[PDB]
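Structure first, commentary second.
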Amino acid sequence: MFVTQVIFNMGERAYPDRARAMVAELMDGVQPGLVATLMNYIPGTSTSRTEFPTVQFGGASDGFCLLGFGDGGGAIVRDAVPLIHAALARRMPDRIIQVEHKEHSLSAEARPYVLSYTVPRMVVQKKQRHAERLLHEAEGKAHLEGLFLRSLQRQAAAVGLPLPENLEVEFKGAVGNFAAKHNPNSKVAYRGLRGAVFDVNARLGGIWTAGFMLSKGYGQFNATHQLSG
Amino acid sequence: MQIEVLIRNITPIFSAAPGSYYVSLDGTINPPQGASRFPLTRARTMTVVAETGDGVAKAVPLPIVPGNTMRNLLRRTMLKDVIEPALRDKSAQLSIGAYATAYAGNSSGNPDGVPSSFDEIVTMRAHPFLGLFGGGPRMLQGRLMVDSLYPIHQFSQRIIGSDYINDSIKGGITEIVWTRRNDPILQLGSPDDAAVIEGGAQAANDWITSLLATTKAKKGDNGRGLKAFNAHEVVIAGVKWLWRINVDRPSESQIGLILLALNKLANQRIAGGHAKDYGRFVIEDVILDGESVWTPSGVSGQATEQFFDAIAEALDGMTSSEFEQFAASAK
Amino acid sequence: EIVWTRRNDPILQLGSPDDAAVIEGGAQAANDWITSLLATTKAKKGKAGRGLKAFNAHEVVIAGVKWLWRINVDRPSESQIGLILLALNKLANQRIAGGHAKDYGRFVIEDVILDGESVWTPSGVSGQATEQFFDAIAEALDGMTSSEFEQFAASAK
Amino acid sequence: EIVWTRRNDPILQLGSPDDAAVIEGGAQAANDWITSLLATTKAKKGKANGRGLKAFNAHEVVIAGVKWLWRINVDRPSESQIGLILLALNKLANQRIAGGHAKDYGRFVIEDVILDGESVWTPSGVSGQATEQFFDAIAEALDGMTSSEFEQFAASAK
RNA sequence: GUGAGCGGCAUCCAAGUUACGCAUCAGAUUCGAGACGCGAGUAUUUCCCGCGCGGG
């Protein structure tokens with residue numbers, strides 16, 4: 001029930017995707033086993049795994065953050081930080097990279113009270129045939145709480161955490177919209193919504209995630225530091 | 001010769017109790033396993049029998065300063081402030097063994113095992129310093145009965161008495177003080193900060209990489225690392241204490257020596273917390289066989305002038321020969 | 001209760017040139033002492049005369065407990081009872097056992113029971129019931145000579 | 001239980017000329033005593049004929065508070081003899097069972113006295129209606145007792 | 001009917017007196033509750049993982 005969060009203070013605030021590319025280039029030199037383990041690539045290939053990715057990325061005020069879900073992903077992050085830190089030190093000799101490790105406890109429990117949660121960035125579209133289902137909010141809303149519940153169940157199963165069988169998550173409203181871009185060469189921008197708020201009948205602990213393509217660092221939110229309503 | 005010294009500490013007293021104790025983040029001493037448990041250095045306590053107002057007697061822990069600590073405080077005051085200057089004025093030097101015997105009662109851990117001649121016994125027991133404390137190779141009985149420092153509390157009334165019932169405190173007099181330790185390198189965030197370090201950024205990054213390497217092991221030592229959050233327990237400030245000194249038939253020189261030490265006692269801290277200025281106290285009253293000889297200028301008045309004259313006369317004719325004979329091993 | 005006692009090495013606490021100014025040889029003697037201590041410690045640890053540093057414990061009865069002391073005499077004279085009561089009047093001036101350095105053994109008498117009768121006053125053993133004992137022992141002391149002690153201690157062979 | 005006992009040389013606890021003032025000769029006598037003690041101790045250590053006053057030994061005792069059974073049988077006694085035994089039992093607790101006079105050893109209290117399967121012990125002592133005849137008989141015997149019987153018993157034929 | 005038959009080692013007695021586990025010994029030296037959660041990036045499809053639909 002442990003999710004290991006590691007913060008790298010590059011000195012300059014870093015993009016998620018740019019950080020992913022930079023570390024992938026840096027990892028490419030070092031032992032390939034750790035490389036393929038880190039970016040969830042099958043040994044010998046470069047394919048994204050069907051199963052819930054456990055090691056992912058994320059932004060920070062002065063760098064990028066490592067989020068290793070589950071016991072296995074936490075262990076991978078724990079024995080991978082020294083090598084990536086050494087690589088970062090080698091790559092930037094003009095700045096001092098500093099690392100602090102925060103090992104969190106992950107748990108989720110149900111309460112009769114309705115708990116309101118906010119997510120900064122949301123992605124709800126992958127393919128145009130799926131966007132045909134997203135053509136209007138009438139079909140969009142069901143897809144929304146469906147995605148939230150599916151993501152919660154997926155991460156609970158991946159970390160082996162029992163989840164309240166009587167959950168009812170309800171999307172509340174929207175504030176802003178953005179665009180999600182998978183690769184620099186890709187012209188397609190996926191759907192993106194900012195200031196998303198939803199109601200859930202459970203007290204969420206640790207850090208949870210929702211959206212698509214966990215391996216970049218979008219759609220993340222810390223339930224612990226967000227308090228509640 | 002009964003001496004009762006009233007002591008009020010203007011800083012907390014920290015006499016650490018031996019052993020490893022753990023405290024939670026909310027002050028729970030020895031908290032149940034599972035929650036955060038930080039090490040706690042408890043304050044010295046002595047279980048004593050006391051009445052809590054219900055008329056029955058029960059053993060309760062009373063935070064004290066151990067009597068041996070106070071005896072050594074008196075010895076160090078006398079030496080460093082009265083006898084060492086007296087020997088330096090005559091340019092007299094104590095040998096290394098004599099210095100060890102004067103400062104700790106003996107020079108080695110192996111006692112001689114044989115008695116001393118009666119002439120030697122009377123010579124040392126008449127000495128202003130060695131008579132008070134004694135010890136040495138051939139173990140000698142000192143004239144000084146130095147007791148522990150007892151706070152004036154409702155729990156010590158069965159011990160100290162009810163004479164000082166006006167200074168008593170009913171509640172607890174201990175407090176948890178939380179200390180930390182941040183890593184110096186972990187505070188470095190800019191390249192110009194580490195310009196003094198050999199290699200600067202490279203050395204700092206290597207050191208933190210080593211820290212991460214030694215931190216990877218959580219569960220299944222050497223190089224623990226400069227990081228800690230522990231706590232210690234201190235007797236709170238302002239509490240009034242009682243120190244009782246009994247002396248077995250002293251000469252006036254020895255009483256004058258003790259009075260001089262009491263005059264210069266406030267210049268030395270009681271116990272522990274040197275780094276944190278703990279142990280600072282002021283003497284509020286000195287009672288010599290039921291009479292108060294304490295003045296705002298210290299121990300003065302015509303009631304104690306003979307003691308000061310005797311100790312001054314003894315110091316003006318004091319040589320290292322007595323200490324050398326006392327510390328000499330007969331085996 | 002358990003009291004933890006510690007003994008320090010004065011030279012280890014000696015860390016100023018003025019502190020060693022009183023020692024013969026000055027800093028050289030202290031350095032020799034410290035290095036000899038280090039050598040002895042290393043030899044003893046490797047091996048698997050004793051230095052000054054120590055850490056012990058001694059176990060004491062807590063302060064404030066009441067005790068009962070039973071003194072029985074078979075067919076005593078008035079002078080002997082008077083002597084016992086005189087000793088009990090001045091008994092609190094002496095310590096019971098052990099811990100002279102640390103002022104252990106101090107006590108106060110709460111009551112003295114004399115064949116079922118309490119003869120303890122706030123100012124000691126006083127009262128008409130004890131007057132004859134004190135008078136008899138005073139007379140005996142006024143008539144006390146060393147000849148009895150010398151005759152008692154003289155060997156018969 | 002085992003009790004440890006010590007003996008001390010009094011001259012070794014002298015610490016002032018006042019303590020030795022009562023001693024004839026005084027400091028000289030104390031010094032002579034201590035010198036003789038040191039010489040004797042060195043001789044005994046080397047040899048390993050007077051003995052000093054320093055002693056450390058132990059003696060073994062039965063712990064306090066344990067209950068004991070004492071069985072007394074008498075071969076067809078007269079009522080005077082039974083009454084005498086009962087009186088001795090009544091005044092027995094004032095005595096002490098065995099050695100240890102200095103340390104007040106041997107003190108006890110009688111809890112129950114059983115006389116031919118029946119309890120005859122009261123808080124006051126051996127009493128009751130069943131013991132009246134014995135006490136009256138022993139009182140009469142004491143009133144009529146004289147030294148003539150003892151003198152005749154102790155007299156030797158030759 | 002065995003050199004058999006018959007036959008009380010029994011009575012009385014104090015292990016007791018005297019004796020300090022005591023003298024001497026700093027729980028001391030160092031260290032911040034003050035740091036850590038994104039307003040980071042375009043328009044509609046591209047190699048593919050499970051098999052209309054889930055999803056790099």
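Going by the structure tokens order, chains are called A, B, ..., each with residues numbered from 1, while ligands are numbered from 1 in the order shown.
Neighbouring residues of segment 175-179 of chain B at 8 Å or closer, counting only C-alpha atoms (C1' of nucleotides) and skipping chain neighbours under 3 positions away, are residues 27, 229, 230, 231, 232, 233, 234, 235 and 236 of chain B.
All of the residues in chain E within 7 Å of chain B are residues 23, 24, 25, 26, 27, 28, 31 and 32 of chain E, where only C-alpha atoms (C1' of nucleotides) were counted.
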Given the selection you just returned, output its residues as a file containing N, CA and C atoms (P, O5', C5', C4', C3', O3' and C1' of nucleotides), formatted as a PDB file, in the first residue's frame.
```pdb
ATOM      1  P     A E  23      29.530   3.725  53.273  1.00  0.00           P
ATOM      2  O5'   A E  23      30.867   4.482  52.870  1.00  0.00           O
ATOM      3  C5'   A E  23      31.770   4.940  53.863  1.00  0.00           C
ATOM      4  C4'   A E  23      33.198   4.790  53.409  1.00  0.00           C
ATOM      5  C3'   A E  23      33.513   5.337  52.027  1.00  0.00           C
ATOM      6  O3'   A E  23      33.727   6.735  52.024  1.00  0.00           O
ATOM      7  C1'   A E  23      34.412   3.167  52.235  1.00  0.00           C
ATOM      8  P     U E  24      32.665   7.713  51.327  1.00  0.00           P
ATOM      9  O5'   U E  24      33.199   7.862  49.839  1.00  0.00           O
ATOM     10  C5'   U E  24      34.364   8.621  49.570  1.00  0.00           C
ATOM     11  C4'   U E  24      35.034   8.196  48.289  1.00  0.00           C
ATOM     12  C3'   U E  24      34.229   8.352  47.015  1.00  0.00           C
ATOM     13  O3'   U E  24      34.178   9.684  46.544  1.00  0.00           O
ATOM     14  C1'   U E  24      35.315   6.257  47.016  1.00  0.00           C
ATOM     15  P     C E  25      32.792  10.291  46.012  1.00  0.00           P
ATOM     16  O5'   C E  25      32.890  10.141  44.436  1.00  0.00           O
ATOM     17  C5'   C E  25      34.146  10.210  43.778  1.00  0.00           C
ATOM     18  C4'   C E  25      34.076   9.608  42.400  1.00  0.00           C
ATOM     19  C3'   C E  25      32.880  10.058  41.559  1.00  0.00           C
ATOM     20  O3'   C E  25      33.269  10.246  40.202  1.00  0.00           O
ATOM     21  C1'   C E  25      32.898   7.702  41.741  1.00  0.00           C
ATOM     22  P     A E  26      33.205  11.710  39.546  1.00  0.00           P
ATOM     23  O5'   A E  26      31.649  12.017  39.397  1.00  0.00           O
ATOM     24  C5'   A E  26      30.972  11.800  38.164  1.00  0.00           C
ATOM     25  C4'   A E  26      29.640  12.508  38.117  1.00  0.00           C
ATOM     26  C3'   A E  26      28.661  11.988  37.062  1.00  0.00           C
ATOM     27  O3'   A E  26      27.323  12.122  37.542  1.00  0.00           O
ATOM     28  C1'   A E  26      29.077  14.263  36.679  1.00  0.00           C
ATOM     29  P     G E  27      26.419  10.829  37.847  1.00  0.00           P
ATOM     30  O5'   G E  27      26.114  10.203  36.415  1.00  0.00           O
ATOM     31  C5'   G E  27      24.938  10.549  35.690  1.00  0.00           C
ATOM     32  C4'   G E  27      25.281  11.187  34.367  1.00  0.00           C
ATOM     33  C3'   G E  27      24.262  12.192  33.824  1.00  0.00           C
ATOM     34  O3'   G E  27      24.965  13.258  33.199  1.00  0.00           O
ATOM     35  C1'   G E  27      24.696  10.567  32.198  1.00  0.00           C
ATOM     36  P     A E  28      24.646  14.777  33.589  1.00  0.00           P
ATOM     37  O5'   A E  28      25.916  15.567  33.053  1.00  0.00           O
ATOM     38  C5'   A E  28      26.003  15.921  31.686  1.00  0.00           C
ATOM     39  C4'   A E  28      27.299  15.475  31.067  1.00  0.00           C
ATOM     40  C3'   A E  28      27.420  15.728  29.579  1.00  0.00           C
ATOM     41  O3'   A E  28      27.747  17.069  29.280  1.00  0.00           O
ATOM     42  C1'   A E  28      28.110  13.528  30.046  1.00  0.00           C
ATOM     43  P     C E  31      24.881  21.905  18.917  1.00  0.00           P
ATOM     44  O5'   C E  31      23.795  22.038  17.766  1.00  0.00           O
ATOM     45  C5'   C E  31      24.193  22.145  16.412  1.00  0.00           C
ATOM     46  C4'   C E  31      23.604  21.036  15.584  1.00  0.00           C
ATOM     47  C3'   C E  31      22.089  20.974  15.541  1.00  0.00           C
ATOM     48  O3'   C E  31      21.548  21.916  14.626  1.00  0.00           O
ATOM     49  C1'   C E  31      22.977  18.805  15.901  1.00  0.00           C
ATOM     50  P     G E  32      20.127  21.677  13.916  1.00  0.00           P
ATOM     51  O5'   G E  32      19.523  23.135  13.742  1.00  0.00           O
ATOM     52  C5'   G E  32      18.826  23.748  14.820  1.00  0.00           C
ATOM     53  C4'   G E  32      17.476  24.257  14.394  1.00  0.00           C
ATOM     54  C3'   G E  32      16.464  23.180  14.015  1.00  0.00           C
ATOM     55  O3'   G E  32      15.158  23.596  14.403  1.00  0.00           O
ATOM     56  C1'   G E  32      16.830  24.612  12.170  1.00  0.00           C
TER      57        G E  32
END
```
Quick one: which chain B residues come within 10 Å of chain D, and what is the nearest atom pair for each with the distance in Å to one decimal, counting only C-alpha atoms, rows ordered by chain and ascending number, as a tab-separated table?
```
residue	atom	partner	partner_atom	distance
B:114	CA	D:38	CA	7.5
B:115	CA	D:12	CA	7.3
B:116	CA	D:34	CA	7.9
B:117	CA	D:31	CA	6.0
B:118	CA	D:31	CA	5.4
B:119	CA	D:31	CA	7.1
B:120	CA	D:15	CA	9.4
B:121	CA	D:15	CA	5.9
B:122	CA	D:16	CA	5.3
B:123	CA	D:16	CA	8.7
B:124	CA	D:15	CA	8.9
B:125	CA	D:15	CA	6.5
B:126	CA	D:16	CA	7.7
B:131	CA	D:15	CA	9.5
B:140	CA	D:15	CA	9.0
B:141	CA	D:15	CA	8.2
B:142	CA	D:15	CA	9.6
B:143	CA	D:15	CA	9.8
B:249	CA	D:16	CA	9.6
```
Those of segment 69-140 of chain A in DSSP strand (DSSP E), formatted as a PyMOL selection string: chain A and resi 99-105+108-122
Which residues of chain E sit at most 6 Å from chain A, using only C-alpha atoms (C1' of nucleotides)? Give each one's shortest atom pair and distance in Å (one decimal place), in chain and ascending residue order, as CSV.
```
residue,atom,partner,partner_atom,distance
E:38,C1',A:59,CA,5.8
E:40,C1',A:15,CA,5.7
E:42,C1',A:189,CA,5.5
E:49,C1',A:50,CA,5.7
E:56,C1',A:48,CA,5.8
```
Residues as selected, C-alpha atoms (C1' of nucleotides), written as a PDB file, in the first residue's frame, can you do that?
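After the write, result26.pdb holds the following:
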```pdb
ATOM      1  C1'   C E  38       1.268  21.480 -11.345  1.00  0.00           C
ATOM      2  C1'   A E  40       3.780  23.872 -18.508  1.00  0.00           C
ATOM      3  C1'   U E  42      -4.405  22.659 -30.615  1.00  0.00           C
ATOM      4  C1'   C E  49      -1.876  -3.342 -27.189  1.00  0.00           C
ATOM      5  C1'   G E  56       0.463   4.604 -25.992  1.00  0.00           C
TER       6        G E  56
END
```
Taking 2 positions as the minimum chain separation for residues in the same chain, which residues sit within 12 Å of residue 92 of chain A when counting only C-alpha atoms (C1' of nucleotides)? Answer as a PDB file with N, CA and C atoms, in the first residue's frame.
```pdb
ATOM      1  N   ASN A   9      15.034  18.413  -7.925  1.00  0.00           N
ATOM      2  CA  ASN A   9      15.094  19.870  -8.028  1.00  0.00           C
ATOM      3  C   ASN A   9      16.136  20.309  -9.065  1.00  0.00           C
ATOM      4  N   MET A  10      15.725  20.207 -10.332  1.00  0.00           N
ATOM      5  CA  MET A  10      16.590  20.601 -11.438  1.00  0.00           C
ATOM      6  C   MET A  10      17.046  22.051 -11.316  1.00  0.00           C
ATOM      7  N   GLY A  11      16.263  22.890 -10.642  1.00  0.00           N
ATOM      8  CA  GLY A  11      16.576  24.299 -10.539  1.00  0.00           C
ATOM      9  C   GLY A  11      15.674  25.126 -11.426  1.00  0.00           C
ATOM     10  N   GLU A  12      15.398  24.609 -12.618  1.00  0.00           N
ATOM     11  CA  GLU A  12      14.443  25.199 -13.542  1.00  0.00           C
ATOM     12  C   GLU A  12      13.241  24.275 -13.657  1.00  0.00           C
ATOM     13  N   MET A  22      14.091  13.483 -21.856  1.00  0.00           N
ATOM     14  CA  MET A  22      15.453  13.701 -21.380  1.00  0.00           C
ATOM     15  C   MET A  22      15.952  12.512 -20.571  1.00  0.00           C
ATOM     16  N   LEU A  26      18.873   9.843 -21.234  1.00  0.00           N
ATOM     17  CA  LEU A  26      19.885   9.587 -20.214  1.00  0.00           C
ATOM     18  C   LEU A  26      19.915   8.117 -19.819  1.00  0.00           C
ATOM     19  N   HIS A  85      19.782  10.037 -10.601  1.00  0.00           N
ATOM     20  CA  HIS A  85      20.379  11.226 -10.002  1.00  0.00           C
ATOM     21  C   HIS A  85      21.818  11.415 -10.463  1.00  0.00           C
ATOM     22  N   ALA A  86      22.588  10.328 -10.543  1.00  0.00           N
ATOM     23  CA  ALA A  86      23.952  10.435 -11.051  1.00  0.00           C
ATOM     24  C   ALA A  86      23.959  10.906 -12.500  1.00  0.00           C
ATOM     25  N   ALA A  87      23.040  10.383 -13.313  1.00  0.00           N
ATOM     26  CA  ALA A  87      22.950  10.814 -14.703  1.00  0.00           C
ATOM     27  C   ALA A  87      22.592  12.292 -14.802  1.00  0.00           C
ATOM     28  N   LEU A  88      21.651  12.750 -13.975  1.00  0.00           N
ATOM     29  CA  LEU A  88      21.283  14.163 -13.976  1.00  0.00           C
ATOM     30  C   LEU A  88      22.457  15.036 -13.557  1.00  0.00           C
ATOM     31  N   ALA A  89      23.217  14.593 -12.554  1.00  0.00           N
ATOM     32  CA  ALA A  89      24.396  15.342 -12.137  1.00  0.00           C
ATOM     33  C   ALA A  89      25.417  15.425 -13.262  1.00  0.00           C
ATOM     34  N   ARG A  90      25.612  14.323 -13.990  1.00  0.00           N
ATOM     35  CA  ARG A  90      26.535  14.339 -15.120  1.00  0.00           C
ATOM     36  C   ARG A  90      26.051  15.278 -16.219  1.00  0.00           C
ATOM     37  N   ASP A  94      26.241  22.523 -14.281  1.00  0.00           N
ATOM     38  CA  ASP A  94      26.059  23.921 -13.920  1.00  0.00           C
ATOM     39  C   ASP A  94      25.012  24.127 -12.834  1.00  0.00           C
ATOM     40  N   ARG A  95      24.387  23.059 -12.346  1.00  0.00           N
ATOM     41  CA  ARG A  95      23.392  23.175 -11.293  1.00  0.00           C
ATOM     42  C   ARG A  95      23.481  21.945 -10.402  1.00  0.00           C
ATOM     43  N   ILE A  96      23.123  22.121  -9.134  1.00  0.00           N
ATOM     44  CA  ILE A  96      23.184  21.055  -8.141  1.00  0.00           C
ATOM     45  C   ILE A  96      21.799  20.435  -8.024  1.00  0.00           C
ATOM     46  N   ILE A  97      21.697  19.152  -8.350  1.00  0.00           N
ATOM     47  CA  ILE A  97      20.440  18.420  -8.262  1.00  0.00           C
ATOM     48  C   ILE A  97      20.329  17.815  -6.870  1.00  0.00           C
TER      49      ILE A  97
ATOM     50  N   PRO B 191      24.545  27.074  -7.265  1.00  0.00           N
ATOM     51  CA  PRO B 191      25.964  26.726  -7.464  1.00  0.00           C
ATOM     52  C   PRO B 191      26.927  27.615  -6.698  1.00  0.00           C
ATOM     53  N   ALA B 201      29.671  21.583  -6.957  1.00  0.00           N
ATOM     54  CA  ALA B 201      28.498  20.837  -7.399  1.00  0.00           C
ATOM     55  C   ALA B 201      28.797  19.350  -7.520  1.00  0.00           C
ATOM     56  N   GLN B 202      29.959  18.998  -8.074  1.00  0.00           N
ATOM     57  CA  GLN B 202      30.296  17.589  -8.242  1.00  0.00           C
ATOM     58  C   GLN B 202      30.364  16.877  -6.897  1.00  0.00           C
ATOM     59  N   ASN B 205      26.811  16.618  -5.274  1.00  0.00           N
ATOM     60  CA  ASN B 205      25.984  15.617  -5.934  1.00  0.00           C
ATOM     61  C   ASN B 205      26.484  14.209  -5.644  1.00  0.00           C
TER      62      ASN B 205
END
```
